[PDB]
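See below for the structure under consideration.
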Amino acid sequence: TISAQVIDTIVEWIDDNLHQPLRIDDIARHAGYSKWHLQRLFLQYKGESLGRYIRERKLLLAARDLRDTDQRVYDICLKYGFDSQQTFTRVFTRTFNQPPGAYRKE
DNA sequence: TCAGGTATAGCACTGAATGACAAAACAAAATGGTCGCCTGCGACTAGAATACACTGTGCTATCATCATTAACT
């Protein structure tokens, strides 16, 4: 029990939320937690910044949609959180060091 | 009942993340070049001369409109 069961709610919010980005103001409101409700969790249970963890989660979620043989490549990053194509391209290039088409063909 | 404390939240700050503009590359589409077929036109010089189309609805049941026939005037 950390801050009255915030771990059991963060995962549910991440799984049920839409492609809306997750920031301090967005998440803290109806999350049941303060900025400090989440800082201690991100420091202890995860030990990683939010901008990197959210990007990794989006990449792991899109790894299946890229294999689902979808022709609308521009909408894949949009349906999962990336509001722009260039941001998703840079994130994928810095993470996997591979072009988007090279991983989409696989 | 007043107080030390741990749990929870706001605050100060560099530097990484996230926008906007421009250029290079690939696929879809319209335009143009080229090959083989379809087609329009002309010619083939023994003699061949109105006879081959062919008909067949069948004559019901009346009814009304137009020029030739015969004859009164």
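Cβ coordinates were reconstructed from backbone atoms using ideal geometry, including for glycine residues, and neighbour counts include every protein chain displayed. We did not get these values from a lab; they are worked out from the coordinates using the rules stated.
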Exercise. At 7 Å along the Cα-to-beta-carbon direction for both A:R40 and A:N97, put a label point, then send me their distance in nm to one decimal.
Key: 4.0 nm
Self-check item: Cα→Cβ-extended label distance, 7 Å offset, between A:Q20 and A:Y53, nm
Solution: 1.9 nm
Quiz item: What area, in nm² and to one decimal, does the C-alpha convex hull of chain A cast on average over all directions?
Solution: 7.1 nm²
Exercise. Select from A:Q86, A:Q44, A:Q20 the residue whose mean-square fluctuation is largest in a Gaussian network model of chain A (Cα-Cα springs shorter than 10 Å).
Key: A:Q44
Practice problem: Determine, from the Cβ-Cβ distance of A:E106 and A:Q85 and an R0 of 30 Å, the FRET efficiency 1/(1 + (r/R0)^6), rounded to the nearest 0.05. | Solution: 0.90
Quiz item: Using unit Cβ charges (K, R positive; D, E negative) and no other charged atoms, how large, in debye to the nearest 20, is the dipole of chain A about its Cα centre?
Solution: 420 debye
Quiz item: Are there trypsin sites (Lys or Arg not before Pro) in the range A:1-55 that DSSP puts in a loop and that have at most 12 other Cβ atoms within 10 Å, and which ones?
Solution: A:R23
